[PDB]
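Undergrad: You'll find coords33.cif just under this line, and it carries mmCIF, C-alpha atoms and all ligand atoms.
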```
data_final
loop_
_atom_site.label_atom_id
_atom_site.label_comp_id
_atom_site.auth_asym_id
_atom_site.auth_seq_id
_atom_site.Cartn_x
_atom_site.Cartn_y
_atom_site.Cartn_z
CA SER A 881 150.44 36.07 99.31
CA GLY A 882 152.80 38.99 99.91
CA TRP A 883 155.93 37.58 101.54
CA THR A 884 154.66 34.92 103.98
CA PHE A 885 155.40 32.16 101.44
CA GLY A 886 159.11 32.53 102.22
CA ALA A 887 158.64 31.11 105.73
CA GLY A 888 156.07 28.33 105.30
CA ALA A 889 152.45 28.23 104.15
CA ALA A 890 151.19 30.92 101.79
CA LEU A 891 148.48 33.24 103.13
CA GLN A 892 146.52 35.59 100.87
CA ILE A 893 146.35 39.35 101.43
CA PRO A 894 144.63 41.99 99.26
CA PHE A 895 147.25 43.87 97.27
CA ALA A 896 145.93 47.25 98.40
CA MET A 897 146.22 46.11 102.02
CA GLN A 898 149.73 44.72 101.50
CA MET A 899 151.22 48.05 100.42
CA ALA A 900 150.14 49.51 103.77
CA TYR A 901 152.34 47.00 105.60
CA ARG A 902 155.42 48.02 103.60
CA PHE A 903 154.86 51.69 104.48
CA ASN A 904 154.46 50.63 108.12
CA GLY A 905 158.02 49.29 108.19
CA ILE A 906 159.41 52.40 106.50
CA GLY A 907 158.29 54.71 109.31
CA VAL A 908 155.15 56.29 107.85
CA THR A 909 151.69 55.41 109.12
CA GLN A 910 149.47 53.19 106.97
CA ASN A 911 146.71 55.83 106.78
CA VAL A 912 148.61 57.96 104.25
CA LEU A 913 148.39 55.23 101.59
CA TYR A 914 144.59 55.01 101.51
CA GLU A 915 144.31 58.81 101.38
CA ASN A 916 146.49 58.85 98.23
CA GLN A 917 145.68 55.51 96.57
CA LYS A 918 144.66 56.89 93.18
CA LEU A 919 147.71 59.01 92.35
CA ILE A 920 150.13 56.34 93.59
CA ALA A 921 148.74 53.82 91.10
CA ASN A 922 149.13 56.33 88.28
CA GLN A 923 152.60 57.22 89.56
CA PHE A 924 153.67 53.58 89.84
CA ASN A 925 152.10 52.33 86.60
CA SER A 926 153.71 55.12 84.57
CA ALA A 927 157.05 54.51 86.32
CA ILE A 928 157.59 51.14 84.62
CA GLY A 929 156.85 52.68 81.22
CA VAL B 1125 137.68 59.07 100.81
CA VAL B 1126 138.86 55.66 102.03
CA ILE B 1127 137.78 52.96 99.58
CA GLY B 1128 136.31 49.72 100.88
CA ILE B 1129 135.42 51.01 104.35
CA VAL B 1130 132.74 49.23 106.38
CA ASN B 1131 130.15 50.21 108.99
CA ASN B 1132 130.33 49.21 112.66
CA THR B 1133 130.42 50.79 116.11
CA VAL B 1134 133.74 51.44 117.83
CA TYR B 1135 134.20 51.21 121.60
CA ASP B 1136 136.15 53.88 123.42
CA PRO B 1137 138.37 52.47 126.19
CA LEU B 1138 136.97 55.48 128.05
CA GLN B 1139 133.39 54.27 127.65
CA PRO B 1140 134.14 52.07 130.70
CA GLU B 1141 135.42 55.41 132.00
CA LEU B 1142 132.34 57.31 130.75
CA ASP B 1143 129.52 54.89 129.88
CA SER B 1144 130.22 53.03 133.14
CA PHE B 1145 130.77 56.21 135.20
CA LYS B 1146 128.31 58.59 133.55
CA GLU B 1147 125.78 55.95 134.60
CA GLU B 1148 127.22 56.04 138.13
CA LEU B 1149 127.08 59.84 137.93
CA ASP B 1150 123.55 59.40 136.59
CA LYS B 1151 122.94 56.91 139.41
CA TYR B 1152 124.12 59.55 141.88
CA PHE B 1153 122.29 62.36 140.06
CA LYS B 1154 118.98 60.48 140.12
CA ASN B 1155 119.60 60.06 143.85
CA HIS B 1156 120.68 63.73 143.82
CA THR B 1157 117.89 65.30 141.74
CA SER B 1158 115.11 63.38 143.52
CA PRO B 1159 115.03 65.65 146.61
CA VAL C 1125 148.09 29.28 134.03
CA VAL C 1126 151.33 31.28 133.85
CA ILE C 1127 154.10 29.82 135.99
CA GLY C 1128 156.07 31.97 138.42
CA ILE C 1129 153.48 34.74 138.80
CA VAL C 1130 153.68 36.93 141.91
CA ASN C 1131 151.15 38.86 144.01
CA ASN C 1132 150.83 42.66 144.07
CA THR C 1133 148.35 45.40 143.15
CA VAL C 1134 148.34 47.11 139.75
CA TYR C 1135 148.04 50.80 140.61
CA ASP C 1136 145.43 52.15 138.21
CA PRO C 1137 146.66 55.33 136.46
CA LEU C 1138 143.04 56.19 135.73
CA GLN C 1139 142.55 56.12 139.51
CA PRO C 1140 144.48 59.33 140.43
CA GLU C 1141 142.83 61.17 137.54
CA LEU C 1142 139.35 60.25 138.76
CA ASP C 1143 140.45 60.44 142.41
CA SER C 1144 141.71 64.01 142.02
CA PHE C 1145 138.43 64.79 140.26
CA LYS C 1146 136.61 62.73 142.90
CA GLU C 1147 138.47 64.78 145.50
CA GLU C 1148 136.40 67.45 143.77
CA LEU C 1149 133.34 65.53 142.55
CA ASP C 1150 132.73 63.18 145.48
CA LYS C 1151 133.39 66.20 147.68
CA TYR C 1152 131.00 68.23 145.51
CA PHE C 1153 128.26 65.61 145.92
CA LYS C 1154 128.67 65.74 149.70
CA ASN C 1155 128.87 69.53 149.27
CA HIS C 1156 125.68 69.67 147.17
CA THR C 1157 123.52 66.73 148.29
CA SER C 1158 123.83 67.47 152.03
CA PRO C 1159 122.04 70.85 151.90
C1 LIG A 1201 127.09 53.62 107.16
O1 LIG A 1201 126.10 54.30 107.94
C2 LIG A 1201 125.93 55.68 107.57
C3 LIG A 1201 124.93 56.27 108.54
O2 LIG A 1201 123.66 55.64 108.43
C4 LIG A 1201 125.48 55.78 106.11
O3 LIG A 1201 125.45 57.15 105.75
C5 LIG A 1201 124.22 57.47 105.06
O4 LIG A 1201 124.10 56.77 103.82
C6 LIG A 1201 122.89 57.07 103.09
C7 LIG A 1201 122.89 56.18 101.87
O5 LIG A 1201 123.93 55.21 101.93
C8 LIG A 1201 122.86 58.56 102.75
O6 LIG A 1201 121.64 58.86 102.07
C9 LIG A 1201 121.97 59.61 100.88
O7 LIG A 1201 121.81 61.01 101.10
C10 LIG A 1201 122.16 61.82 99.96
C11 LIG A 1201 122.11 63.28 100.37
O8 LIG A 1201 123.31 63.58 101.07
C12 LIG A 1201 121.17 61.48 98.83
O9 LIG A 1201 121.48 62.26 97.68
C13 LIG A 1201 121.26 59.99 98.49
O10 LIG A 1201 120.33 59.66 97.46
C14 LIG A 1201 121.06 59.11 99.73
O11 LIG A 1201 119.69 59.22 100.09
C15 LIG A 1201 122.97 59.38 104.03
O12 LIG A 1201 123.03 60.77 103.71
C16 LIG A 1201 124.22 58.98 104.81
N1 LIG A 1201 124.30 59.72 106.06
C17 LIG A 1201 125.15 60.74 106.25
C18 LIG A 1201 125.10 61.39 107.60
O13 LIG A 1201 125.92 61.11 105.37
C19 LIG A 1201 126.44 55.03 105.20
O14 LIG A 1201 125.93 54.99 103.87
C20 LIG A 1201 126.66 53.61 105.70
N2 LIG A 1201 127.64 52.92 104.88
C21 LIG A 1201 127.61 51.60 104.66
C22 LIG A 1201 128.70 51.05 103.79
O15 LIG A 1201 126.75 50.87 105.16
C1 LIG A 1202 148.12 35.40 145.65
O1 LIG A 1202 146.94 35.94 146.24
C2 LIG A 1202 145.77 35.14 146.02
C3 LIG A 1202 144.60 35.89 146.62
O2 LIG A 1202 144.08 36.85 145.71
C4 LIG A 1202 145.96 33.75 146.63
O3 LIG A 1202 144.83 32.95 146.32
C5 LIG A 1202 144.32 32.34 147.52
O4 LIG A 1202 145.14 31.24 147.92
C6 LIG A 1202 144.70 30.60 149.13
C7 LIG A 1202 145.72 29.54 149.47
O5 LIG A 1202 147.04 29.98 149.16
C8 LIG A 1202 143.30 30.04 148.93
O6 LIG A 1202 142.84 29.47 150.15
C9 LIG A 1202 142.35 31.14 148.49
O7 LIG A 1202 141.07 30.59 148.18
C10 LIG A 1202 142.90 31.86 147.26
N1 LIG A 1202 142.03 32.96 146.88
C11 LIG A 1202 141.95 33.44 145.63
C12 LIG A 1202 141.00 34.58 145.43
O8 LIG A 1202 142.62 32.97 144.72
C13 LIG A 1202 147.22 33.10 146.08
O9 LIG A 1202 147.47 31.88 146.76
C14 LIG A 1202 148.42 34.03 146.26
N2 LIG A 1202 149.61 33.45 145.66
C15 LIG A 1202 150.85 33.70 146.10
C16 LIG A 1202 151.96 33.01 145.36
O10 LIG A 1202 151.06 34.46 147.04
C1 LIG A 1203 120.96 57.53 147.90
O1 LIG A 1203 120.50 58.55 148.80
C2 LIG A 1203 120.17 58.05 150.10
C3 LIG A 1203 119.61 59.21 150.89
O2 LIG A 1203 120.50 59.62 151.92
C4 LIG A 1203 121.40 57.43 150.75
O3 LIG A 1203 121.04 56.87 152.01
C5 LIG A 1203 121.99 56.35 149.85
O4 LIG A 1203 123.21 55.87 150.40
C6 LIG A 1203 122.24 56.90 148.45
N1 LIG A 1203 122.73 55.85 147.57
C7 LIG A 1203 123.59 56.08 146.57
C8 LIG A 1203 123.99 54.89 145.76
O5 LIG A 1203 124.02 57.21 146.33
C1 LIG A 1204 129.83 73.83 147.21
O1 LIG A 1204 128.47 74.11 146.86
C2 LIG A 1204 128.16 75.51 146.80
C3 LIG A 1204 126.68 75.62 146.54
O2 LIG A 1204 125.92 75.02 147.59
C4 LIG A 1204 129.01 76.17 145.72
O3 LIG A 1204 128.75 77.57 145.71
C5 LIG A 1204 130.49 75.92 145.99
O4 LIG A 1204 131.27 76.44 144.92
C6 LIG A 1204 130.76 74.43 146.15
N1 LIG A 1204 132.16 74.20 146.50
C7 LIG A 1204 133.15 74.19 145.61
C8 LIG A 1204 134.52 73.94 146.15
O5 LIG A 1204 132.94 74.37 144.41
#
```
I need this file expressed as structure tokens, please.
Ligand SMILES: *[C@@H]1O[C@H](CO)[C@@H](O[C@@H]2O[C@H](CO)[C@@H](O[C@@H]3O[C@H](CO)[C@@H](O)[C@H](O)[C@@H]3O)[C@H](O)[C@H]2NC(C)=O)[C@H](O)[C@H]1NC(C)=O
Ligand SMILES: *[C@@H]1O[C@H](CO)[C@@H](O[C@@H]2O[C@H](CO)[C@@H](O)[C@H](O)[C@H]2NC(C)=O)[C@H](O)[C@H]1NC(C)=O
Ligand SMILES: *[C@@H]1O[C@H](CO)[C@@H](O)[C@H](O)[C@H]1NC(C)=O
Ligand SMILES: *[C@@H]1O[C@H](CO)[C@@H](O)[C@H](O)[C@H]1NC(C)=O
TA:
Amino acid sequence: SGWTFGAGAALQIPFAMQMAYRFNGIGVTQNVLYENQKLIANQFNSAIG
Amino acid sequence: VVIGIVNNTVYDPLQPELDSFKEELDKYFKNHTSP
Amino acid sequence: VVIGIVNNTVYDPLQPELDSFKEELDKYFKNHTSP
């Protein structure tokens, strides 16, 4: 549900779509995420290792 | 490259500036090319 | 439905762009259709 469950009812969002919203608040457009989806997943998944 | 994209037609806000005025220009041109 | 609304005209910004071109184009049509 992302973060909407901290203000009332919980609403579902695809996880790929949700990460675009976080980049939107940072200051970078959401388009850059989809153009680099594959390497980010490898970068993030190996980060926790 | 974008995964999960879908097919549909997008509308330019300038289609009412082109599709609705190119037709007026066509409407004039048909009245203009007839003579 | 909105309370407190007032009366005036929303000056179209697309209008001067087309008007300046219509100062050409509408003039051109009268320049080209008349002969
Ligand atoms: C959205 O609409 C567009 C336009 O109709 C679709 O693009 C076209 O998709 C077909 C098959 O999906 C492509 O045919 C393929 O051509 C290749 C050769 O490049 C051939 O090897 C394949 O076996 C197949 O016949 C067609 O080329 C393609 N048109 C262009 C201009 O690339 C698109 O698939 C639609 N997408 C969805 C999700 O509906
Ligand atoms: C704003 O202007 C509109 C006209 O576009 C006014 O609407 C008219 O109001 C009169 C009575 O006030 C009616 O008899 C007309 O039938 C209305 N015409 C339309 C097209 O609505 C409106 O009253 C004006 N409002 C203010 C606050 O000036
Ligand atoms: C079409 O051309 C005729 C010929 O003069 C003219 O009377 C008429 O106003 C024109 N109409 C438009 C819409 O241009
Ligand atoms: C008016 O039409 C003539 C052709 O009849 C053309 O040569 C001229 O350039 C036109 N006027 C303008 C300002 O373009």
Undergrad: Which residues are near ligand LIG 1204 (chain A) in this structure, taking near to mean any atom at most 6 Å from a ligand atom and counting only C-alpha atoms and all ligand atoms? Format them as a list in words.
TA: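 I would give the residues around ligand LIG 1204 (chain A) as residues 1152, 1155 and 1156 of chain C.
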Undergrad: Which protein, DNA or RNA residues have an atom within 12 Å of ligand LIG 1203 (chain A), counting only C-alpha atoms and all ligand atoms, as a list in words?
TA: residues 1147, 1148, 1149, 1150, 1151, 1152, 1153, 1154, 1155, 1156, 1157, 1158 and 1159 of chain B; 1150, 1153, 1154, 1157, 1158 and 1159 of chain C
Undergrad: Please produce an output containing C-alpha atoms for each residue in the selection, written as a PDB file, keeping the file's coordinate frame.
TA:
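Writing done, so here's out22.pdb:
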```pdb
ATOM      1  CA  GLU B1147     125.780  55.950 134.600  1.00  0.00           C
ATOM      2  CA  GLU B1148     127.220  56.040 138.130  1.00  0.00           C
ATOM      3  CA  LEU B1149     127.080  59.840 137.930  1.00  0.00           C
ATOM      4  CA  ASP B1150     123.550  59.400 136.590  1.00  0.00           C
ATOM      5  CA  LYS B1151     122.940  56.910 139.410  1.00  0.00           C
ATOM      6  CA  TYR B1152     124.120  59.550 141.880  1.00  0.00           C
ATOM      7  CA  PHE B1153     122.290  62.360 140.060  1.00  0.00           C
ATOM      8  CA  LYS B1154     118.980  60.480 140.120  1.00  0.00           C
ATOM      9  CA  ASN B1155     119.600  60.060 143.850  1.00  0.00           C
ATOM     10  CA  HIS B1156     120.680  63.730 143.820  1.00  0.00           C
ATOM     11  CA  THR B1157     117.890  65.300 141.740  1.00  0.00           C
ATOM     12  CA  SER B1158     115.110  63.380 143.520  1.00  0.00           C
ATOM     13  CA  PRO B1159     115.030  65.650 146.610  1.00  0.00           C
TER      14      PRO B1159
ATOM     15  CA  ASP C1150     132.730  63.180 145.480  1.00  0.00           C
ATOM     16  CA  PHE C1153     128.260  65.610 145.920  1.00  0.00           C
ATOM     17  CA  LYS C1154     128.670  65.740 149.700  1.00  0.00           C
ATOM     18  CA  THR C1157     123.520  66.730 148.290  1.00  0.00           C
ATOM     19  CA  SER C1158     123.830  67.470 152.030  1.00  0.00           C
ATOM     20  CA  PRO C1159     122.040  70.850 151.900  1.00  0.00           C
TER      21      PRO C1159
END
```
Undergrad: Just to confirm, what's the straight-line distance from atom CA of residue 911 of chain A to atom CA of residue 1126 of chain B in Å (one decimal)?
TA: 9.2 Å
Undergrad: Name the residues, by chain letter and number, that sit within 8 Å of ligand LIG 1201 (chain A) using only C-alpha atoms and all ligand atoms, and give them as JSON, numbers by chain.
TA: {"B": [1129, 1130, 1131, 1132]}
Undergrad: Would you work out the distance separating atom CA of residue 1128 of chain B from atom CA of residue 885 of chain A, expressed in Å to one decimal?
TA: 25.9 Å
Undergrad: Could you jot down the atom CA of residue 1133 of chain B to atom CA of residue 915 of chain A separation for me, Å, one decimal place?
TA: 21.8 Å
Undergrad: Could you give me, as a CSV table (one decimal) with C-alpha atoms, keeping the file's coordinate frame, the residues within 12 Å of residue 882 of chain A, counting all atoms listed in the file and dropping anything in the same chain fewer than 5 positions from it?
TA:
```csv
chain,number,residue,atom,x,y,z
A,887,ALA,CA,158.6,31.1,105.7
A,889,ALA,CA,152.4,28.2,104.2
A,890,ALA,CA,151.2,30.9,101.8
A,891,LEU,CA,148.5,33.2,103.1
A,892,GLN,CA,146.5,35.6,100.9
A,893,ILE,CA,146.4,39.4,101.4
A,894,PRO,CA,144.6,42.0,99.3
A,895,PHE,CA,147.2,43.9,97.3
A,896,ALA,CA,145.9,47.2,98.4
A,897,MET,CA,146.2,46.1,102.0
A,898,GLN,CA,149.7,44.7,101.5
A,899,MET,CA,151.2,48.0,100.4
A,900,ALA,CA,150.1,49.5,103.8
A,901,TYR,CA,152.3,47.0,105.6
A,902,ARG,CA,155.4,48.0,103.6
```
